[PDB]
Structures are given as C-alpha cells and as structure tokens.
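Peer 1: Here it is: the structure, laid out below.
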Amino acid sequence: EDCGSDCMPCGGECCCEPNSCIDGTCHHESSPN
C-alpha cells in the first residue's frame, strides 16, 4: 500500500516531496543557494 506521489504515511498524514516523512512528522525541505 502507498500514500501518494513519492509520499509516505506520517501519523494519519501524507508527506510528499520534496518534503520527507521522518520522526512521524513532515520534515520540510529548503533550498539554500
């Protein structure tokens, strides 16, 4: 079973890229340039 387009189950949620599903939460993703 899957959640979404490159997404993962985060405590009844769905973290999709570029974000990441870690620590049971949605770890946002920055772009330092």
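FYI, nothing fancy with the structure tokens labels: chains A, B, ... in order, residues from 1 per chain, ligands from 1 as they appear.
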Within 8 Å of residue 24 of chain A, counting only C-alpha atoms, which residues show up once you throw out same-chain ones fewer than 2 positions away? Write them as a compact mmCIF listing (two decimals) with N, CA, C and O atoms, in the first residue's frame, please.

Peer 2:
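Okay, this is what ended up in result-v6.txt:
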# COMPACT_ATOMS: atom_id res chain seq x y z
N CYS A 10 2.53 9.72 7.52
CA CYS A 10 3.05 10.45 8.67
C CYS A 10 1.95 10.66 9.71
O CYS A 10 1.33 11.72 9.76
N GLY A 11 1.73 9.65 10.54
CA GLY A 11 0.71 9.74 11.57
C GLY A 11 -0.63 10.18 11.02
O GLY A 11 -1.14 11.25 11.37
N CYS A 21 9.03 12.29 5.23
CA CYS A 21 8.29 11.79 6.38
C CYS A 21 9.23 11.15 7.40
O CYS A 21 9.54 9.97 7.32
N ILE A 22 9.68 11.95 8.37
CA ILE A 22 10.58 11.47 9.40
C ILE A 22 10.09 11.87 10.79
O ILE A 22 9.37 12.85 10.94
N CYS A 26 6.23 15.78 9.15
CA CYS A 26 6.61 16.19 7.80
C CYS A 26 7.81 17.13 7.84
O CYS A 26 7.66 18.32 8.11

Peer 1: Please identify all polymer residues within 9 Å of residue 28 of chain A, counting only C-alpha atoms, omitting same-chain residues fewer than 5 positions from it, and present them as a ChimeraX atom specification.

Peer 2: /A:15,17-21

Peer 1: Write the residues of the selection above to a file with N, CA and C atoms, as a PDB file, in the first residue's frame.

Peer 2:
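What ended up in result-v2.pdb:
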ATOM      1  N   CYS A  15       3.200  12.987   3.702  1.00  0.00           N
ATOM      2  CA  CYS A  15       4.275  13.917   3.377  1.00  0.00           C
ATOM      3  C   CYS A  15       4.858  13.613   2.000  1.00  0.00           C
ATOM      4  N   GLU A  17       7.194  14.817  -1.498  1.00  0.00           N
ATOM      5  CA  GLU A  17       8.407  15.558  -1.822  1.00  0.00           C
ATOM      6  C   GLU A  17       8.080  17.001  -2.197  1.00  0.00           C
ATOM      7  N   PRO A  18       9.095  17.875  -2.126  1.00  0.00           N
ATOM      8  CA  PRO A  18      10.447  17.487  -1.714  1.00  0.00           C
ATOM      9  C   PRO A  18      10.521  17.131  -0.233  1.00  0.00           C
ATOM     10  N   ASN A  19       9.457  17.441   0.500  1.00  0.00           N
ATOM     11  CA  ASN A  19       9.402  17.154   1.928  1.00  0.00           C
ATOM     12  C   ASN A  19       9.721  15.687   2.201  1.00  0.00           C
ATOM     13  N   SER A  20       9.836  15.339   3.478  1.00  0.00           N
ATOM     14  CA  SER A  20      10.141  13.968   3.873  1.00  0.00           C
ATOM     15  C   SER A  20       9.364  13.578   5.126  1.00  0.00           C
ATOM     16  N   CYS A  21       9.035  12.295   5.234  1.00  0.00           N
ATOM     17  CA  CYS A  21       8.291  11.791   6.383  1.00  0.00           C
ATOM     18  C   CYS A  21       9.231  11.153   7.401  1.00  0.00           C
TER      19      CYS A  21
END

Peer 1: Give the strand (DSSP E) residues of chain A, as assigned by DSSP on the backbone, as a count of residues only.

Peer 2: 10
